[PDB]
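Novice: Quick one: this structure, given as structure tokens, is what I'll be asking you about.
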Amino acid sequence: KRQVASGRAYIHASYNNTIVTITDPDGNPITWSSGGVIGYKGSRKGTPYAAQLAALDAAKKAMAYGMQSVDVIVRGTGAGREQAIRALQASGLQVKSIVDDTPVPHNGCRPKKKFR
Amino acid sequence: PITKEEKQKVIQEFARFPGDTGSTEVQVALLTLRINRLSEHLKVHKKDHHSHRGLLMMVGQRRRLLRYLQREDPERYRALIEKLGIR
Amino acid sequence: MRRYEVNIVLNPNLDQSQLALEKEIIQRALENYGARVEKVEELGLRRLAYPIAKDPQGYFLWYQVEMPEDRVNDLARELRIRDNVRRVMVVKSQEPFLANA
Amino acid sequence: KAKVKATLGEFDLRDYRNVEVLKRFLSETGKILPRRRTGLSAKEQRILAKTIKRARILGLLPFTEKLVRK
RNA sequence: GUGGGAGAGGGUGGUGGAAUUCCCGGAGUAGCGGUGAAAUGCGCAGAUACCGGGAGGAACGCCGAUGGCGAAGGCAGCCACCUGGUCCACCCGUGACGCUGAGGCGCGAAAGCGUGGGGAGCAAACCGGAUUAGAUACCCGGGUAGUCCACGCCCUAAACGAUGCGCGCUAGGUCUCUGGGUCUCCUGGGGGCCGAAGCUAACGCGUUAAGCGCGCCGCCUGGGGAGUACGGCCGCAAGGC
Ligand SMILES: [Mg+2]
Ligand SMILES: [Mg+2]
Ligand SMILES: [Mg+2]
Ligand SMILES: [Mg+2]
Ligand SMILES: [Mg+2]
Ligand SMILES: [Mg+2]
Ligand SMILES: [Mg+2]
Ligand SMILES: [Mg+2]
Ligand SMILES: [Mg+2]
Ligand SMILES: [Mg+2]
Ligand SMILES: [Mg+2]
Ligand SMILES: [Mg+2]
Ligand SMILES: [Mg+2]
Ligand SMILES: [Mg+2]
Ligand SMILES: [Mg+2]
Ligand SMILES: [Mg+2]
Ligand SMILES: [Mg+2]
Ligand SMILES: [Mg+2]
Ligand SMILES: [Mg+2]
Ligand SMILES: [Mg+2]
Ligand SMILES: [Mg+2]
Ligand SMILES: [Mg+2]
Ligand SMILES: [Mg+2]
Ligand SMILES: [Mg+2]
Ligand SMILES: [Mg+2]
Ligand SMILES: [Mg+2]
Ligand SMILES: [Mg+2]
Ligand SMILES: [Mg+2]
Ligand SMILES: [Mg+2]
Ligand SMILES: [Mg+2]
Ligand SMILES: [Mg+2]
Ligand SMILES: [Mg+2]
Ligand SMILES: [Mg+2]
Ligand SMILES: [Mg+2]
Ligand SMILES: [Mg+2]
Ligand SMILES: [Mg+2]
Ligand SMILES: [Mg+2]
Ligand SMILES: [Mg+2]
Ligand SMILES: [Mg+2]
Ligand SMILES: [Mg+2]
């Protein structure tokens, strides 16, 4: 209900899921969407389809919240991490800056044994 | 460190004649100075083995030049020793 | 003694009496710890890369010194205790390596 | 796709305090450039390294930044 | 001796950013996580995703290498301090002062023990979840010792180049690290690759010998039994020789 009209769009992708968060330019969220937000259940969540579906969905939501100008931040490198951005470009919102933020350590933390 | 005139004191002090930087006298004083400084560092910094090793090799040096002096010129060796207090 | 460089970096929102007092206290610290001034270059106000103390920028002084040995570290502990100095670095001087010359 | 020290002044490598030059060797993210793309030598590069990290500690140069496009 | 140099060699003090976790705060719902697919697990006491603030511990991305240092184990953020080794140039000084080294003596990854500290992530044992002939094993979710620090033990290993140290001889080419030079090139010292002669059962090695020689040490004598048994020494123990 705020009537916002410009803001941050975060994509987040693991190979297990995708999550979009629309947010306002000082960082507070507006709405969000995910793989299971749309009814998708299992492994089916880490597809590019649901990536699309979710982007479109959160975009839709905020677009009814009044969103227009949207500048993107992608964290994570994953399955259809692309298809999510590739979707919400064609959402009708206007993608302003696409930025890749996938956060990486300077080597601090011993990783789960899966991971090396 | 061991600075330069910090060395010159010693070299000019144990010289056999003007200009000698190389004889057993000079060599053993120089060496022995280096030795005592290290013992000073290794008093604290007990934890440093990689310096300690080098100090072993160093006293082994000293000792070898000494066996040289002794076997070759006994008086000058008793002189050098009672000069440095050691052995 | 030995040839050192000091960098000091402070909070840019300091007024004149403040920045004065800071500088004075740095001087009185160098004196007090044995260090002498070879020269000064203070570039002052500039915009950093990452925020230091929530601040987008900072105020830089550069002081090239000569001083005793052991004392250096303790001197920079005295510098660092300051609340408006958000950073200090020291180095021994180096010869100006000219590369691609 | 030119090297760095190819177009550049012939300059002090061991100076951290000066950014204007030092930056020219970092990517869009803070990453210090590899040899192939820096152009310099092993002792050079080894020194460029230490200088950069020194300045990164003075906040003059960045530790890392964000990647645009994508 | 003097002049110069490279280095993640060691030690003590300090300090910087990313990241994980956790606590506080805001905004915001219905899921998150995880797999081959799942489930346990966590989420309305408000998770995940997001923005700000704090606490703490460990480890230092890019540079980074087919690279460097070290006797070996081994050594990567940055700054300072204490320090070992080593290379080159000058041809100055001593005058065989050398090599090797049974025995001793000391250092020696990881794990393990002892007494204190500490504890983010990981994680034997362990508690659970699906697989599915069956987990008690691989896959998933928890998790304690341990991992870290100080002090004292332990002395092992594919501790490997499976190649003991030292010196002298014996084509070259090529790639590189680091000094010196009159700097297309030359000349020392490291690290690789191809290859003369030569060696080798073959593979292969070949101025970084596995070539030609000398010196000194260690070691070997079919496989199993068996690195066991007895004894001795060391060790709190586990255990080691
Ligand atoms: Mg999934
Ligand atoms: Mg658009
Ligand atoms: Mg080091
Ligand atoms: Mg919260
Ligand atoms: Mg449910
Ligand atoms: Mg429940
Ligand atoms: Mg935070
Ligand atoms: Mg805590
Ligand atoms: Mg690498
Ligand atoms: Mg090794
Ligand atoms: Mg040194
Ligand atoms: Mg001569
Ligand atoms: Mg003569
Ligand atoms: Mg022995
Ligand atoms: Mg051990
Ligand atoms: Mg251990
Ligand atoms: Mg036990
Ligand atoms: Mg313990
Ligand atoms: Mg875990
Ligand atoms: Mg089962
Ligand atoms: Mg587990
Ligand atoms: Mg091997
Ligand atoms: Mg063996
Ligand atoms: Mg061996
Ligand atoms: Mg032999
Ligand atoms: Mg050369
Ligand atoms: Mg040259
Ligand atoms: Mg060579
Ligand atoms: Mg060669
Ligand atoms: Mg070959
Ligand atoms: Mg032949
Ligand atoms: Mg033969
Ligand atoms: Mg053959
Ligand atoms: Mg040989
Ligand atoms: Mg052979
Ligand atoms: Mg038999
Ligand atoms: Mg045994
Ligand atoms: Mg027995
Ligand atoms: Mg007993
Ligand atoms: Mg055993």
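Identifiers in the structure tokens: chain A, B, ... in order shown; residue index from 1 per chain; ligand index from 1 in order shown.
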Within 10 Å of ligand 19, which residues show up when you count only C-alpha atoms (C1' of nucleotides) and all ligand atoms? List them as a ChimeraX atom specification, please.
Specialist: /A:111-113 /E:121-123,141-143
Novice: Considering only C-alpha atoms (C1' of nucleotides), extract the chain E residues located within 12 Å of chain B and return them as JSON, numbers by chain.
Specialist: {"E": [1, 2, 9, 10, 11, 12, 70, 71, 72, 74, 75, 81, 82, 83, 84, 85, 92, 93, 94, 95, 96, 97, 98, 105, 106, 107, 108, 150, 151]}
Novice: Give as a PyMOL selection string every residue of chain C that touches chain E within 7 Å, counting only C-alpha atoms (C1' of nucleotides).
Specialist: chain C and resi 70+73+89-91
Novice: Neighbouring residues of residue 76 in chain A were defined as those with any atom within 7 Å, considering only C-alpha atoms (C1' of nucleotides); residues of the same chain fewer than 2 positions away were excluded. Please report them as JSON, numbers by chain.
Specialist: {"A": [12, 13, 14, 74, 78, 102]}
Novice: Using only C-alpha atoms (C1' of nucleotides) and all ligand atoms, which protein or nucleic acid residues are at most 9 Å from ligand 37, as a PDB file with C-alpha atoms (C1' of nucleotides), in the first residue's frame?
Specialist:
ATOM      1  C1'   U E 156      55.355 -42.132  13.855  1.00  0.00           C
ATOM      2  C1'   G E 227      57.639 -55.906  12.465  1.00  0.00           C
ATOM      3  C1'   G E 239      52.623 -46.814  21.961  1.00  0.00           C
ATOM      4  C1'   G E 240      57.641 -46.364  19.821  1.00  0.00           C
TER       5        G E 240
END
